[PDB]
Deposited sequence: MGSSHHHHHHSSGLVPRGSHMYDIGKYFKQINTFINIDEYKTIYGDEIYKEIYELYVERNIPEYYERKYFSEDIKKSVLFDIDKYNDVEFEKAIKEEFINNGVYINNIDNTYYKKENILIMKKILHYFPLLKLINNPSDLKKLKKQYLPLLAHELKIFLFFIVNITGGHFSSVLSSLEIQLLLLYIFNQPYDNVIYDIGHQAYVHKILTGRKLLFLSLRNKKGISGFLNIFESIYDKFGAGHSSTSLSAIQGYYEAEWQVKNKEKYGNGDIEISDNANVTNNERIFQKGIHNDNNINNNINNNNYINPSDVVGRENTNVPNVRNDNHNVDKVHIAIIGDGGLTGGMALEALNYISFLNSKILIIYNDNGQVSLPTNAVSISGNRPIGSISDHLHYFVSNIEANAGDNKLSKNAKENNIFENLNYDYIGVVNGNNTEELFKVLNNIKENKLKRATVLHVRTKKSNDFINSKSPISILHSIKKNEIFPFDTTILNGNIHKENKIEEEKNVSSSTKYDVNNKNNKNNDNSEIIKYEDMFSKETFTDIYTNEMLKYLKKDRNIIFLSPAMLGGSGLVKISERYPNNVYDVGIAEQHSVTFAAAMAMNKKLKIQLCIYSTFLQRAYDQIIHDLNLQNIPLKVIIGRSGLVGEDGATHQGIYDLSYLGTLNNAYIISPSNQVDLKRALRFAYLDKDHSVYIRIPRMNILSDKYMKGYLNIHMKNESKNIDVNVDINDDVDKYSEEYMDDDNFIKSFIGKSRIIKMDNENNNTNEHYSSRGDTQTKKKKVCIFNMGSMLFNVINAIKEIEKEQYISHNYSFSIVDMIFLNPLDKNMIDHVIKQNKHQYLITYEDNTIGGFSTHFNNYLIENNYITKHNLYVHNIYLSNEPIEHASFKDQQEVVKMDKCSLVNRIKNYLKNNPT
């Protein structure tokens, strides 16, 4: 029985305040439908002004598998879902059965699948539907995972934008897309929601390849305003060269802190684009915000404090029509305002300030701890003796591991909001002080915004700034928007840039000890989004001093993993997926053919600038290895470039008759899936490795 889960979900929701917010009649309706479980016999007549064409969910028992699959495919196509991008296993008969079992406990939600079925609900009962969605999320994101609180924050906004305006004819764009689950539910994607953030399933972000209701997809913030202005200006130019559409952008307080968002706001006002900007004010700018920083728990930004006090303001100074602070969780008042905007027309850009609420084997080779925990522990140890370490983060204190540092040394942490560019330049200016050590913690994907500051402001001036790069390699369920696979490819193009790519926690400790002791080098350390390897794995597989000796023994000193005449093949591993190479090598030697006609050596590279050419020439010229295969956890242009270019410098292929091969993550969007599945997709896992090495050995003898 699943009813106990729904009862517990309802208990977790404060039902008493429903009366005060809405009214006695609304409270009674909600209590009867969702608490007393009293459903009318003809509730469709009571709650809907017109009859609704039901889905194939209620005619499932009368279908064979082939016909049922064809019918569900046609239904998804007619509701705008590009079903060919979803694996068929998802829309089978059993999955639809499970979804029906879930939806039977939702009298109004089980009968709504498209905006047309939404508009047949009586307006006065809109809060009731808003309650059902609230339970549904609590049942789905609990099982599949993803962003939760932000979805509840803007539930009424999505509901009312679907109810009132005519999408997809009218353009509506969200900012980060991690809170638009309700938008997906009422646009034809409800039945597939059990496949959230899996292989060939529903993404956690809006995608222009899932449906037509997703005008622009994003996972990086501060993008909605520019995107919606582009939509408005294109739809204005098309008519000019020959605007009944309503262009709406929903951006939160945190998103507006980003520079691109501010530029877009300024330009939207400047051009006077008839865009409604729903500023979702919720009190959260960074992740998280309750953490104590150098500026307290206050949300980051003078705009945030000004708007909280104002609850002429900033928007009015920028020549915006301002509708006062309107509750975002009140369907009545927001309905009034949005319906007025619909019936009328925007004669100038308008900001609808809205207040909302937020709080209200493979497995045996990885332990529970994370590399970021190791980073935090080392930084705490180094802070215990030296207080001149300054940490910065672009609104990612929790992910970067700085929260435990901000609590204990609040004056040592600067949370600049979503200000990657500002974070880099600020930290660089703070690193010019020889009496301070500055470490900047930023994700691999977010450094793509600040590469220009890394090059122009940090690399030209040789400023000794330490940059900690988190979430490097394959992230997992977040998707292609969060793929940290461009670190070595863009950092390796710069001089003065020491780059360290630890594979296990020991190399991470040594890299951070070097960064602590170093005072004249800009050092980047690539921390993977991965658990630390197990000690048993380190001993069995990896086979694993004063200041001057350590510094001499660390920089550019690669670690040796494994060391009719056989052909000798050496693999140069750079990155964090060395475990795949080790297991592939352990698997290959079982077969007699390769174990008789070949021998293998594995060399672990921890550096990209400078490179350990001594180890390369030890393998090439001393032990006379034949084949050379690189293995990097990065896309093209990384370690393969440096290894190939060093060999081309010295013309080793002519000298030693070397066959060369390269293995790296493919240059195709690594879609949302698990980390193991992501390894399997790019064919970089153990079995794919053994297959590829066998093919290469047996193709070039």
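Where does the model have holes with respect to the deposited sequence?
Missing CA coords at 1-22, 265-328, 398-415, 465-530, 715-740, 760-777, 916.
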